[PDB]
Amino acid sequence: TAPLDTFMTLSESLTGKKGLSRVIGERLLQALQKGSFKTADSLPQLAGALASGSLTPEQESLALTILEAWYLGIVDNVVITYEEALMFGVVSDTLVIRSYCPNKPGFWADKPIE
């Protein structure tokens, strides 16, 4: 069970999203590795603590960092992705991703439905 495997299952738990992309996941992993995950024990340890018990502030803060990356699609002021950044999927019903048209146009007079 390599680092990717654990990362991916971790991220699933943290994001709650099924079917996260491993292609993008790989890239986020590798960027996050520049300067997070000190050890090689970090990812696994994070999974176990998460899965069951509860987290150090430090462990909590790692989980946040992972989450941060998936939701923003950016790590250390580099874009890993823009379209697939998860924050956009959370509001895709109402808000567009800047620079991408809605597939049918001038929709915006409506009040959005919660």
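Throughout, we count residues from 1 along the sequence that is shown.
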Stretch with higher mean Cα temperature factor, 67 to 75 vs 49 to 57, is 49 to 57
What stretch has the higher average Cα B-factor here, 12 to 20 or 96 to 104?
-> 96 to 104
From 42, 30, 81, 36, pick the one with the largest CA B-factor in the entry?
-> 36
Quick tally, chain-level thirds of C-alpha B-factors: residue 114 sits in the highest
